[PDB]
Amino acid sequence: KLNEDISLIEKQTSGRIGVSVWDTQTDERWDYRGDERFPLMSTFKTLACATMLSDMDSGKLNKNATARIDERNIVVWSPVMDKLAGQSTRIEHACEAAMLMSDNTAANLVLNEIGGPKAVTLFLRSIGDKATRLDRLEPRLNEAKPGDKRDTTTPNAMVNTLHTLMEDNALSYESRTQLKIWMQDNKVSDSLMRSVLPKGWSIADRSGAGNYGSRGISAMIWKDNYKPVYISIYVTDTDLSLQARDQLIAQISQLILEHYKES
């Protein structure tokens, strides 16, 4: 039993763990604290990029829209954008950097072009997510203060929203294909679910880390002959180091994925 295992793991950490799974092959859903709030951290980047793509689909934002990177605007962890001061970059390229490398300046550029955190929240409400909310830019959104509702989601809401983005009509076919490729090409989450993913499985994911010992991941996994499984794993309010948080996400991923060894 997964519930008992996660409650024991949670007791060791002295924090809160939230998990949600929706298997679209079996139509089975399961969660642990699935409707509780956890910080988004960098897992918001998928949602900012989906908002941007939906604006491109609707004719409200040019596919080739650009914006200028100014040195004074570059924030922490911007491995791609920190080479571009003085240059114009496509907003689409900023989303590629946010999704592949978790580039924070790139994510802020996308947020500034689409109407900010308020616009991402409005997009989420328009596609049926009543829980998730984005309120601040990077890096302030990593605060993850217990009880603070700013920049939060729930494990169930991320699973439901990712399924809406990938399988419903929130995005055009071109846009959902692009978002999926960016999530498959994620380069910064190898120590998490990817480290324990069984052979034959494909993965599209996005992770995050925050203050108060927070870590999280939103993923979609599938096989040639296995319909997508949507998973959320969030941890908060711990004293764990980043390395121990990575190990904990891989540990929870292993417990979920062991069910799929013969799937």
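A residue's number is simply how far along the shown sequence it sits, counting from 1.
Engineer: Can you tell me whether 104 to 112 has a higher mean C-alpha B factor than 82 to 90 in this record, or the other way round?
Structural biologist: In the deposited entry, the stretch with the higher C-alpha B-factor mean is 82 to 90.
Engineer: Is the mean CA B factor in the deposited entry higher across 139 to 147 or across 159 to 167?
Structural biologist: The recorded data point to 139 to 147.
Engineer: Whose C-alpha has the highest temperature factor in the PDB entry: 36, 205, 27, 55?
Structural biologist: That would be 27, according to the entry.
Engineer: Taking only the Cα B-factors deposited for this chain, tell me whether residue 118 sits in the lowest, middle or highest third.
Structural biologist: Tercile = highest for this residue's CA B-factor.
Engineer: With respect to C-alpha B-factor, does residue 216 fall in the lowest, middle or highest third of the chain as deposited?
Structural biologist: Lowest third.
Engineer: Quick one: classify residue 125 as lowest, middle or highest third of the chain based on its Cα B-factor.
Structural biologist: According to the entry, residue 125 has a C-alpha B-factor in the chain's middle third.
Engineer: Going by what the PDB entry lists, where does residue 223 fall on CA B-factor within its chain: lowest, middle or highest third?
Structural biologist: Tercile = highest for this residue's CA B-factor.
Engineer: Which third of the chain does residue 41 land in by C-alpha B-factor: lowest, middle or highest?
Structural biologist: Lowest third of the chain for residue 41's C-alpha B-factor.
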